[PDB]
2 protein chains.
Amino acid sequence: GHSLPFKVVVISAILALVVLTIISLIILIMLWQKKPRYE
Amino acid sequence: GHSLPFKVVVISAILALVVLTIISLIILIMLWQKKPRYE
């Protein structure tokens with residue numbers, strides 16, 4: 001666009017979005033076996 | 001990047017890296033104190 005190509009920007013954004021779900025997944029199951037959940 | 005502006009990509013990426021660390025910090029302190037804190 002002005003300096004760096006959108007190529008690196010996109011790949012970086014998408015990936016960062018994926019890891020957020022991964023790191024969150026660990027917490028979900030972790031707490032799932034600690035404090036019971038109410039349905 | 002053939003539709004939406006490149007701006008949203010950059011902001012989303014940088015923001016994703018910031019929150020990623022925060023997600024990890026919550027687990028660290030959570031396990032550091034084990035039991036929740038009240039009052």
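Here the structure is shown first, and the text comes after it.
Residues numbered from 1 in each chain as written, not as in the entry; some residues may be left out. Chains lettered and ligands numbered in written order. Heavy atoms only, no water.

Student: How should I be thinking about the overall build of chain A in this particular structure?
Tutor: A count of helical and extended segments in chain A gives one helix and zero strands. Projected onto the principal axes, the alpha-carbon positions of chain A cover approximately 50 × 15 × 10 Å. In the form shown here, chain A has an accessible surface area of approximately 3600 Å², with 73% of it arising from carbon and sulfur atoms. (Helix = DSSP H or I, 4+ residues; strand = E, 2+ residues; numbered from the N terminus. Areas by Shrake-Rupley, 256 points an atom, 1.4 Å probe, with all protein chains shown as cover.)

Student: Looking at this model, I keep getting lost on the layout of surface pockets. Mind explaining?
Tutor: Over the atoms, a rolled probe matching the size of one water molecule traces out where space is still vacant. Considered as a void within the structure, the largest pocket measures approximately 240 Å³ in volume. Around the largest pocket sit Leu 31, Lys 34 and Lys 35 of chain A together with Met 30, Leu 31, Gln 33, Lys 34, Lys 35, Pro 36 and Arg 37 of chain B, which together line it. It is helix α1 (residues 6–33) of chain B that contributes the most residues to the lining of the largest pocket, three residues altogether. Per-class residue counts for the lining of the largest pocket are four nonpolar, one polar and five charged. (1 Å grid on protein atoms, 1.4 Å probe; cavity = no way out; pocket = protein on both sides within 12 Å on 5 of 7 lines; lining within 4 Å. Points joined across faces, edges and corners; volume = space filled by probe spheres on them. Nonpolar A, V, L, I, M, F, W, Y, C, P; charged D, E, K, R; others polar.)

Student: What should I look at first to understand helix α1 (residues 6–32) of chain A in this one?
Tutor: Count 3.6 residues to each turn of an α-helix, and residues three or four apart come out pointing the same way. Taking 1.5 Å per residue, 27 residues should reach 39 Å; α1 of chain A reaches 39 Å between its end C-alpha atoms and fits that length. Listed in full, the buried residues belonging to α1 of chain A are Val 9, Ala 13, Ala 16 and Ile 23 of chain A. In this structure, the buried residues of α1 of chain A make contact with α1 of chain B. (Expected span 1.5 Å × (residues − 1). Buried < 20%, exposed > 50% of the residue type's maximum accessible area, 1.4 Å probe, protein only. Contact = heavy atoms within 4.5 Å.)

Student: I keep staring at the interface of chain B and chain A and nothing clicks. Help me out?
Tutor: Buried accessible area, meaning the area lost when the parts come together, often serves as the stated size of an interface. If you look at the interface, chain B gives 13 residues, while chain A gives twelve residues. When the two sides are added together, the surface that chain B and chain A hide from each other amounts to roughly 1200 Å², 91% of it contributed by carbon and sulfur. Counting across the chain B and chain A interface gives zero salt bridges. In terms of residue class, the side of chain B that touches chain A is made up of eleven nonpolar, two polar and no charged. (Buried area = accessible area lost by both parts, 1.4 Å probe. Salt bridge = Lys/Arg side-chain N within 4 Å of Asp/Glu carboxyl O.)

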